[PDB]
Structure formats: structure tokens, C-alpha cells
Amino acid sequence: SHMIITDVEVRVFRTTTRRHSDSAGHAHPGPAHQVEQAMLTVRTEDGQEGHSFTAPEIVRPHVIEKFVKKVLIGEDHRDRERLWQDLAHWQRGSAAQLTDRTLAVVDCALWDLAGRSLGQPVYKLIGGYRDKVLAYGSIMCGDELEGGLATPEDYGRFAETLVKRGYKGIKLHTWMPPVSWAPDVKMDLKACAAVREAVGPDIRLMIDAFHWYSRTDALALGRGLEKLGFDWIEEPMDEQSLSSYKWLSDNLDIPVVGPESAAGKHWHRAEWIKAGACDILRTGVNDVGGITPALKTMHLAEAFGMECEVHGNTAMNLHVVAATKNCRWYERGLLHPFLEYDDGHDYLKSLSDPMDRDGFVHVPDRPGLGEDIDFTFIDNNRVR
């Protein structure tokens, strides 16, 4: 009975970061400040622990007490499928409070617990495909910061820097509200043209555009991208409209990738395959409710001979990418010329995703998710 879960705990602590998020939820660099971060811990009878990080609201007491503890406490931690399905079945009646984000942090903590318990990296437990993987440099949303990402020329200069760092692929996130003049398709294309000019034809280029363009605007964006040899166009329209994506993919020659933000996990992603709403599937640990369903989405895509690109940085997504074949990249970012991604986080002693000068991220040979957690820092910086 050493494998039985005895405790579920949340520690909220302050992290110092220059990353801010605007009113729409987009990241930007700004003043160094302290932000509240949460760590979820699952503990078993024998004292073994698994941990994962998320925003405090996602693991607030309402959610832990009403849903999470009731599913987990007293259960064999290795029954990840049963526990995941139990939590999933409680979402419908949760008054919209038990979200996929909550499922994700719980599932990740359970995987970390299994890996730490067995002394195994998560991707090795799943069944490894690769120990290193190419990363694309994922550029932060556009801004109005002088020398930052304010002009098309700003994107081109930053792209040169990224190529020097070793990235073999680069993804632009272009301008979005509340940027004063945004969005504008012509501006987005000028940024794309500036980057292509700067890096030449042998660097892979992708764009993740304003996410609420009309069909006609997304069509015009896509056409412009084809002339620049871009590899994909990502989420240029509201993904709640499967039909719009079917239409856009049918019209555009450039591959459309998605859905990133759509609900319904692997079940709804199957519908994207069936409807021909994308050329390349998308998944992500946070987007589909954990490592467990992310793996399902990867397998789903593979059975159709499709790639499925994994949204998001951090260990949880890196381990999905390392355990699977049909994904071209790990997404490393978001990046901005004002910030140094390789500096990491104050609550981690080292990077979860270090990248060599050839543009390969090497999965750390550390058990569980391999997050090198600075528990002392977290204790010294507690809120609640």
C-alpha cells in the first residue's frame, strides 16, 4: 500500500519575472516584478512525491477540495488512466470550474510521481523515441516597444539573432490587440517578409497570427505566406468554427496547423482530422488536459499519417515530444530580444530544455519530469 496517495498539496510562491500578460492574455516583456506561481504536490504513503507548476487559480482550494482530493486520495497513484477519466467525468457537472488546465496539472504531477518513484525520466517510462529534438524559436506576440517587436524590421533583426543561437526553425507571433493599430494583415506579411529576407530560404518559418481574423483576412494572410515559402499558418481564426478551418485549408496550399485552443481534448481533435480542418494536428499538455491525453492525440494523428505539433514549452511538453515520432519540433519560447530565455526561472536550479548550438534541445537525464526544483527558494518565497 506504499503506492496509495495520501496527500494533495498546493504551495503558492512568488517568482520574479519580466514577463507580463496584457488584458487579452498575451505575453510581453515589461518591468521585473513578482508574480504568484503555484506548485501542486501529490504524495504517497511511502513519502514519494510528484510535482507540477501552474497558475494559482487553476489549483485554488475550491478546485482541490471539491474535485481533486476526492478523486486522488486513497487511490493507487499508478492508475493514471482511471484517475484521469474520473476527473474528466466530473467536468460536465463542475459549474465550469473543473477545467482542462486543472486536469493537466494533476496528470503531470502523477506522471512526475511515477517517474520520481522509479527513478525514470517520464519519456523513458512512456517509451522513448528520441533523447534530443530540434526546437523552433517561438517569438513573443508583437508590441509597440522601440527596438523590441514594434516593426517588421524588428522581427528580421531578432530572427538573425535566433539563427546565430542555433535555431533551425522560427515561428512569428505577430501583432494583436491591445496593440493600438492591430491587427493588420499587410503588417503581418511585412514582418514575415523581413524574416525570410534575413534568414534566407533554408530556415523553416511559421506564423501564429491574430486569432480572430475573418475567413477573407486569413485567406489573404495565407496567400501572402505562400509567396514566402512558410511551412505553416497557425490559428488565424476562431477555432470554435471547424467549418472555417475546413474552408481555409481547402483554399490554401500552405499547411494549416490546429487546433491549439479548442476544447474537447483528443475527442474533438479527431473531428478536425475527419473534417479535413487542418493539414497538421496540434496538441499540448495544457490544451488537452495532461500528458495522458496529449499522448492520445499524438497516436491519433500518427494513425492518420499526420504530424501533431506540441504547443508549449516546459518539461511536460518536452517529454511528450521525446516519447513520440510524428512531431517535428519542441516549441522553445516565448522569446523576445529584451529577454534571455537561457536564464531560466528563479524557482528552477537549471533548464528543463537546454539547447545546443546546433538547435537541438536535450532532454535532461533526471527522473520524473526532470524539473530541477529549488524547494528552498519556494519555501523562502511563500504566499500561501
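When you see a residue number, it is the position in the sequence shown, counting from 1.
- Averaged over Cα atoms, the B-factor as recorded in the entry is higher for 21-29 than for the other of 8-16 and 21-29.
- For the pair 291-299 and 199-207, the mean B factor over Cα atoms is greater in 199-207.
- Sorting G119, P259, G229, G284 by the CA temperature factor given in the entry leaves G119 at the top.
- Which of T41, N317, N326, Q37 has the largest Cα B-factor in the deposited entry comes down to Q37.
- In this PDB entry, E331 carries a Cα temperature factor that places it within the lowest third of its chain's modelled residues.
- Annotation for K168: CA B-factor lies in the lowest third of the chain's modelled residues.
- Split the chain's modelled residues into thirds by C-alpha temperature factor. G312 is in the lowest one.
- Ranked against the other modelled residues of its chain, the C-alpha B-factor of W212 as given in the entry falls in the highest third.
- Ranked within its chain, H266 lands in the lowest third, by CA B factor from the PDB record.
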